[PDB]
C-alpha cells in the first residue's frame, strides 16, 4: 500500500511573524498588521495610512487557531478597499466589521474578484495581488473597481497553470515559519 502519509503544501499557513517577515523581506520595514479576534477587529488606522496597506488575520479566536488572511488597502482620499483572495462574497463577510474601524466618513469596498481560483494556497495572494491592487487603485487615473477585480481574477486563474503552482509551492515550502501541516 502507498505508505508515507503525505504532507500537502496547501496547508502551509503563515504565522503573524511570517506575514511581518514577508513584508520585511519585500522592504516595507517593521509593519503593524491587523486582525479580527473573537469577532472584534484590531486595526491601527494610523499605521494603515502610513503603510498604505495592512494584512488582517480574520477568523481567529480563543478556540480558532487557524484563520483567514485578507488585505486592507487605503485608496485616494477616504476610500479603503478590502481584498479577499477567496473572492467578493467572502470579503463582503468582513466589510462591515472592518468598516466600523475606519475614520468617520470612510467607505470600504470589496474588490470583486472571483472565487475558486485560490486553490488552498495561503498568503501568496494577499502578499502579491493585494499590493498590486493597492498600486492600481492609487495611480492618478485609477481604473474602476470592477476592472481591478477583473484583472486580479484573470491573473490568479492564469497563474494557476503548472509553472505557477511550482513557483508558488517553492515559495510556500520556503516558509521556515513552522505553522504545521502536521509537523
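Numbering follows the first chain given and starts at 1.
Of the two stretches examined, 123-131 and 140-148, the record assigns the greater average C-alpha temperature factor to 140-148. In this entry, the higher average B-factor at the C-alpha atoms falls on 151-159, of the pair 151-159 and 43-51. Among all modelled residues in its chain, residue 61 ranks in the middle third by Cα B-factor. In the deposited entry, the Cα temperature factor of residue 25 places it in the middle third of its chain's modelled residues.
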